[PDB]
Structure formats: structure tokens, C-alpha cells
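One chain comes next, on its own, written out as C-alpha cells in the form deposited in one PDB entry.
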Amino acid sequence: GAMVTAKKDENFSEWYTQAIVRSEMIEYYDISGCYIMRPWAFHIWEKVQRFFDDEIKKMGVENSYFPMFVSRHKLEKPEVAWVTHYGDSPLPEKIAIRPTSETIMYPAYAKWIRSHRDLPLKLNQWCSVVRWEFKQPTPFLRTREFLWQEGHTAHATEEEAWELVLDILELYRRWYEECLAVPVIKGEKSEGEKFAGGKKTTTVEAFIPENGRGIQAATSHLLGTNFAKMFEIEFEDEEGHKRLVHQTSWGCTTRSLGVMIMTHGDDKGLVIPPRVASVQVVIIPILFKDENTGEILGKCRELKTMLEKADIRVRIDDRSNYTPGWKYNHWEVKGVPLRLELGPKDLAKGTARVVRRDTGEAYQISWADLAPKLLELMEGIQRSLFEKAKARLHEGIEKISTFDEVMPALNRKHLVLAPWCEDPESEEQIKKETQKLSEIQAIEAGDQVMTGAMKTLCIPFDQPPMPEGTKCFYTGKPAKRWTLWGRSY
């Protein structure tokens, strides 16, 4: 059985590749930026999909399916894939593969919305989209084709639309923190980073300590009336006056899995939080030749049935052609959070040996105690994974006053929280300056595939105090808010 041999804290990229290949999460493909999602990864996607779909159904959002193609003139009302032929017959007008579906959906919204009684209109779809960039792709985190949901709502007032933006952003916080045990920071995107055409974009941002990079985990946009004006989406009040609708859109992708993998993995391979692990407990029988193997396997089956009564997801690995040691490594690499070992000694004592994946700590638990204690143990693992990741997030953010402090902090692979005047031009200049200083540094390093530019990640909702005369860290103008910056995906 393959072991992960790269160390997470020494060659992070090689570590990540080994962890996702050797655990059978991914397979490569002959078109660049496209990868195969194998069942071990797909199962985790199914779990978060089900969580989020159930939660938005409770909000009255209904699923739908809109075409994957969009006409040139509807899309252009650059990073798009264009279809131009069927067989060898040219199309009269090329058609694009969707990168996002506002321009596919909103002509229909304009047809469907007639009066205030048609609102709010709330739709979602689960599908894949294509964003054909040429920069370095990374499995799960940044790919040419990815799976996502996208929700699109329309409301009679801005207040109700904004309320929904924030309710969805809270569901994305729960997707990452409660399901995947990944801490995130809620905030607003800067004017240069917000969705094209929208009014205000909110985000949850995550952090990869090993390469210092922030990453946008999910996004929820107040489109306001901008798209309603573009698509003539209006409704009548009760006396017949026409008004524009107020819109949101929001989306979360398979990037989430990658974030999870990078957050919790260790030098042995994956560590999957128990709430989304497709196998929570793997039972490994010890099978000597000189034992009553039928009695040991019979007890493993009884324990499996007992655990499944508490809804624990259990597999018995009773393969005779591998040793227990081999199986220990096999399921460690795959990130199963609990292993249960049962041999003749255990049978005789009425106990089982349980080993937790995150710490390696082992417990002896009586069969009667097994189901409640495992449940307690899985909640403790989930909580411990989250708290440890949150401590690394906090340790990864430096509060600074002045631009002179930026390069030392980025050299420590940290994010910076700085007072900023929020001038869009300033962000563009900071990106270019940090980028050129990073190139110099790389040459002093004797070194390289992603950009060294520092950009804004999010103006966090939770704002530290801003003292009276605080200046912006780059311009010296009056600072308006604390903003989180870093290198990023």
C-alpha cells in the first residue's frame, strides 16, 4: 500500500498531490485544468450538497436546470469556452459554455415576474461551469471545469434581498465550519474584487498556512437593481406602478473539498472530519490462522449492526490478503477518523480497541459503551479539528500600520490586517508593487508558479476599533476600515 512520503511542512505541493492521488480522490486527465473526481471524494461532495440543498429548500429556494450554452449577444450584453461547430458544420453565431448563469436565467426572470405577488422568486441549480483561464490550476481549488451550485433570487425591496444575501453567507459559514471544520472570515469584497455588475459582494475567506495563501471559500452577491435594469426585470405593485426587482446570486463549489483537505491533512495523508467522512469507523478484524475466525468476524458484524443503529457509517475490512498493519496505513491515508480493532484478546474481554486518526490516541471501550462513546469521540474529533485550524488561522494574521511592514509579514507566510482608505487605485498599485518585490526576493532565493501579488481578501464584518486619526497604510489618507490582505488563489 502506498504511503504518503512527502512532508506537509516541507514540500507542500508534492504532499497535496500525494494525499489526493494515493487516497483515490482524484485522477488526471489529458485536458489541462480538468481532473476526474473519484468516489472517495465524490461521497464528501454528496454530503455537503445534501446539507446545503436541505437548508435552502427550507428558505423556499427550488431547484431548476438552465442550459449550459449562452448566445454571444446575451453573454456580451475572454475566460469563456466557445463552441463554433457541430461536426464540421460551422454555427452561424458561436455560443459560449456557461461560466455563470445570470445571462442565461435573467431573460426568463423578466418573462416570469409580472407583479409583486410573483416575488420573491428563488431558484438554484446544481451543475458544472467552465472558466477557461491559463494560470496554474490546482485540483479542487482552482480548475477549468468545476461543480457548484448557483442560487439566484429576486425581491421587491433591497432590504429583503440583502437579508437573503446574509442568510446564504451564514449557510456557507456552516458548510465550511460545521460540516468541514474549516474556519472562515466573513467580509465584503473591495470595489475592484466584487462581482462584475453587482452592487455589493460578500464572501467567506479561508487561509492555507503552508503557503500563506488566502482563498475565497464561497460568495454571496447583492446584485441590487443593476441586472434588473440590464434585463428589464420589473414588477407591478398593487396599484400598477412598475419597479425594478432587487437581486442576489450566490455560489459554492468543489473548492471546498480542497480547502478541507489542506486544512486537516497530515504527514500520513488525509484526515476527514467525521461529519462528512463516508466511512466514519473502519473495523479491522485480526485474523490469525490459529483462531476462531468465524467468531471474530461474527462479532465484527454484530458491532457493525450496533453502530449503524446510531447512524454511524461503518465498513469492515476483512480482506485476508493484507495484514492489519497494511490496512491501518490504507485507511489512514484515506482519512477515516476512527479505526476499531478486534482480535481474540478483545473478544475474550468484551472490549474493542479504538484509534483516532487526528491524534493517534487509542482507547479500550466495552461493547456496551461503544455506540455512545464513539458518538462522543467523533464530536470531539470534529471540534478538535476545527479549534486547531482556527488557532492556525489566528496565528496567520498580522495587524499592521504601514506598508513597510507588508513584505516581512508575507515572508512569514502571513495575511495582514491593515487600515485602508479603500481607494480602488490603491489596490491596483499594491498588487503591482508587492508582485515586483516578490520577484526580486525569488531571485535572491535562487528559486514559482503562482503570483506573488498581495491583494485584498475581504473587509471583515468584525471590525477592530478604528482610532480617530488613523491613516491608511499605503496612501496615508484617512483610513476607513481594516482590510484583510494576502497572497491568494
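Throughout, rigid core stands for the largest set of C-alpha atoms superposing within 1.5 Å between the two forms. All residue numbers refer to positions in the sequence shown, first residue = 1.
One more form of this protein exists, namely the form deposited in another entry; it is left out here, but the text below deals with it.
Checking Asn411, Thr359, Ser401, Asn292 for C-alpha shifts of 2 Å or more between this form and the one not shown, after the rigid core is superposed, gives a single hit: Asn292. In the core-superposed comparison between this form and the one not shown, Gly197 has its Cα shifted by less than 2 Å. After superposing the rigid core, the C-alpha of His85 moves by 2 Å or more between this form and the one not shown.
Core-superposed comparison between this form and the one not shown: CA of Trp420 displaced by less than 2 Å. Here's the thing about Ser32 and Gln435: their CA atoms end up at least 3 Å farther apart in that other deposited form than they are in this form. In that other deposited form, the separation between the C-alpha atoms of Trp331 and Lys289 shrinks by 3 Å or more relative to the displayed form.
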